[PDB]
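The next block holds one structure in the form of structure tokens; read it before the comments.
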Ligand SMILES: *[C@@H]1O[C@H](CO)[C@@H](O)[C@H](O)[C@H]1NC(C)=O
Ligand code: NA
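Residue numbers (the deposited numbering), protein chains in the order written: chain H, 321 to 467, 474 to 579; chain L, 290 to 318; chain I, 32 to 61.
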């Protein structure tokens, strides 16, 4: 996260760390959506140009974390994956369209002060909150600036959603309906962006209707981090909600 | 989950984090 | 495999992997 701040304890209890077994390394962020299921970005798992193709046994997820590096005893939970499901039409060749993946834990994880699932948006919640100027929140342990710059604890930044045609005109990459962008504009004075290692983490908004946190986006892509006139792009979770439900139903709640 | 999106250390205790107000403010003004 | 104390095999000093999501288009790096 560029230009964010340290998270408060328990601020984002759905935040998941995707951790490589060998060699040990932070891969990506992710989010807990039930006691068995974790949502992340497809490109965190599969990116053929870099020969990236992680399977279930290559990875672990770490849940309930605050410190980036320390084993947080009696706080974090470490789970192995039973299965990974990547969207069939994920588009690694061009713009990471449908940059979404689901991971099923081998065993259910117990909830606590530090571990708690986020909500997925319904139609009305998405229609209400996904509007230009409305801010969502992004969290992660990714780099503090465009490429050490590694944070010691979880970072958080609040960012305004941007109008589709501004997102459109800001980049030469083809934008689809399955993405939205966010961040401040050059003239807004404030700044901030997700950055490397934040991918697959959640973009969340707090609903004024029921005071629940909903995951509207998945940190997906950008051209560098925090450049003036550039914005961060997020997988549109509601647009993909049907596929998420299909997978969970078919492969076990 | 019927309990999703409600944080044990915040919503469940009627506490707000240091910046969630910023989100709500953006929805209103 | 794991219980509580045996996580002394867990590194507390590790890198963050290169993230291709930030290297699209003008984000390219050498
Ligand atoms: C990724 O790797 C797995 C295991 O080596 C392999 O079975 C699978 O076909 C690969 N996926 C593709 C098509 O890149
Ligand atoms: Na920017």
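We put the CB at the ideal spot given by N, CA and C, even for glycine.
* For residue 555 (chain H), does the count of other Cβ atoms within 10 angstroms reach 16, so buried, or fall short, so exposed? -> Numbered from 1 along the first chain, position 229 holds the residue referred to as residue 555 (chain H). By the neighbour-count rule (16 or more Cβ atoms within 10 Å), residue 555 (chain H) is not buried but exposed.
* To do: Label residue 418 (chain H) either buried or exposed according to how many other C-beta atoms from any shown protein chain fall within 10 Å of its C-beta, with 16 as the threshold for buried.
  => Here residue 418 (chain H) corresponds to residue number 98 of the first chain, with the count starting at 1. Classified as buried, residue 418 (chain H) has 16 or more neighbouring CB atoms from the shown chains inside 10 Å of its CB.
* **Cβ neighbour criterion (16 or more within 10 Å) applied to residue 535 (chain H)** => Against the first chain, residue 535 (chain H) aligns to sequence position 209. The residue is exposed, with fewer than 16 neighbouring Cβ atoms inside 10 Å.
* Asked: Since residue 472 (chain H) meets chain I, which of its residues come closer than 9 Å, beta carbon to beta carbon?
  -> Structure remark: chain H lacks residues between 467 and 474, so residue 472 (chain H) is without coordinates.
* For ligand 1, residues whose Cβ lies under 6 Å from any non-hydrogen atom -> Working through the chain, the matches are H:373 and H:375.
* Asked: Does the separation of the CB atoms of residue 573 (chain H) and residue 542 (chain H) fall below 8 Å?
  -> Position 247 of the first chain, counting from 1, holds the residue named residue 573 (chain H). Position 216 of the first chain, counting from 1, holds the residue named residue 542 (chain H). No; because the gap between Cβ atoms is not below 8 Å, this pair is not in contact.
* To do: May I ask you to report which of helix, strand or coil DSSP gives residue 353 (chain H)?
  => To locate residue 353 (chain H), count along the first chain from 1; it is residue 33. Coil at residue 353 (chain H), not helix or strand.
* Asked: Between the stretch 332-351 of chain H and the stretch 424-436 of chain H, do three or more beta carbon pairs fall short of 8 Å?
  -> By the Cβ test, the stretch 332-351 of chain H is in contact with the stretch 424-436 of chain H, since at least three Cβ pairs between them sit closer than 8 Å.
* Taking only heavy atoms of ligand 2 into account, decide whether any of them is closer than 7 Å to the Cβ of residue 371 (chain H). => The residue labelled residue 371 (chain H) in the question sits at position 51 within the first chain. Taking non-hydrogen atoms of ligand 2 into account, the C-beta of residue 371 (chain H) is found less than 7 Å away from none of them.
* residue 303 (chain L): contacting residues in chain H (beta-carbon distance under 8 Å) -> What you label residue 303 (chain L) is simply residue 14 of the second chain in a count that begins at 1. Result: empty, since nearest Cβ-Cβ is about 10 Å, beyond 8 Å.
* The alpha helix (DSSP H) with residue 316 (chain L) in it runs from where to where? -> What you label residue 316 (chain L) is simply residue 27 of the second chain in a count that begins at 1. For residue 316 (chain L), the uninterrupted alpha helix (DSSP H) run begins and ends at 309-317, by DSSP.
* What is the residue span of the beta strand (DSSP E) that residue 399 (chain H) lies within? -> Locating residue 399 (chain H) in the first chain gives position 79, counting from the first residue. Bounds of the beta strand (DSSP E) holding residue 399 (chain H) are 397-406.
* Neighbouring residues (CB closer than 7 Å to any heavy atom of ligand 4) -> Of the ligands one can find in the structure shown, namely ligand 1 and ligand 2, none is ligand 4.
* **Stretch pair the stretch 453-464 of chain H + the stretch 365-382 of chain H: three plus CB contacts closer than 8 Å** => Contact fails: fewer than three Cβ-Cβ distances are below 8 Å.
* Got a sec: is the Cβ-Cβ distance from residue 328 (chain H) to anything in chain L below 8 Å? -> Counting from 1 along the first chain, the entry for residue 328 (chain H) is found at position 8. At least one chain L Cβ lies under 8 Å of residue 328 (chain H).
* Would you kindly check if the distance between the Cβ of residue 504 (chain H) and the Cβ of residue 561 (chain H) is under 8 Å? => One-based indexing of the first chain puts residue 561 (chain H) at position 235. One-based indexing of the first chain puts residue 504 (chain H) at position 178. In this structure, the beta-carbon distance from residue 561 (chain H) to residue 504 (chain H) falls below 8 Å.
* **Residues near residue 357 (chain H) in its chain [Cβ-Cβ closer than 8 Å; skip 5 each side]** => The residue you call residue 357 (chain H) lines up with position 37 of the first chain. Sequence-distant Cβ neighbours of residue 357 (chain H) in its own chain, meaning closer than 8 Å and more than five residues away, are 422, 423, 424, 425 and 574.
* Best match in H:483, H:461 and H:355 for proximity to residue 306 (chain L) [C-alpha to C-alpha] -> The sequence position of residue 306 (chain L) within the second chain is 17, counting from 1. Checked all of H:483, H:461 and H:355; the closest Cα to residue 306 (chain L) is H:483.
* Asked: Can you tell which of H:467, H:550 and H:487 has the C-alpha that lies nearest to the C-alpha of residue 451 (chain H)?
  -> Counted from its first residue, the first chain places residue 451 (chain H) at position 131. Nearest neighbour of residue 451 (chain H) by Cα position, chosen from H:467, H:550 and H:487, turns out to be H:487.
* Asked: Which of helix, strand or coil does DSSP assign to residue 513 (chain H)?
  -> For the purposes of this step, residue 513 (chain H) is identified with residue 187 of the first chain, where counting begins at 1. Looking at residue 513 (chain H) - three-state DSSP - the assignment turns out to be helix.
* **the stretch 335-352 of chain H in contact with the stretch 511-526 of chain H per 3-pair CB rule at 8 Å** => A contact exists between the stretch 335-352 of chain H and the stretch 511-526 of chain H.
* To do: Compare the Cα-Cα distances from residue 478 (chain H) to each of I:32, I:57 and I:45 and report the closest residue.
  => Numbered from its first residue, the first chain carries residue 478 (chain H) at position 152. A check of alpha carbon separations from residue 478 (chain H) across I:32, I:57 and I:45 identifies I:45 as the nearest.
* Please classify residue 37 (chain I): is it buried, with 16 or more other beta-carbons within 10 angstroms of its beta-carbon, or exposed? => The count along the third chain starts at 1 and reaches residue 37 (chain I) at position 6. A residue is called buried once 16 or more other Cβ atoms fall within 10 Å of its Cβ, and residue 37 (chain I), having fewer, is exposed.
* Taking C-beta pairs closer than 9 Å, name the residues in chain H that residue 61 (chain I) reaches, listed in chain order. => Working through the third chain from its first residue, we reach residue 61 (chain I) at position 30. By Cβ distance, chain H contributes nothing, its closest Cβ being about 11 Å from residue 61 (chain I), past 9 Å.
* To do: Evaluate the contact criterion for the stretch 377-384 of chain H versus the stretch 392-400 of chain H: three or more CB pairs, one atom per stretch, below 8 Å.
  => Using a C-beta cut-off of 8 Å, the stretch 377-384 of chain H makes contact with the stretch 392-400 of chain H, since at least three inter-stretch Cβ pairs fall below that distance.
* **Complete runs of the beta strand (DSSP E) confined to the stretch 530-560 of chain H [at least 3 residues]** => With a minimum length of 3 residues, the continuous beta strand (DSSP E) runs that stay inside the stretch 530-560 of chain H are 539-547.
* Check whether the Cβ atoms of residue 509 (chain H) and residue 58 (chain I) lie closer than 8 Å to each other. => Position 183 of the first chain, counted from the first residue, corresponds to residue 509 (chain H). Position 27 of the third chain, counted from the first residue, corresponds to residue 58 (chain I). Not a contact, by the Cβ cut-off of 8 Å.
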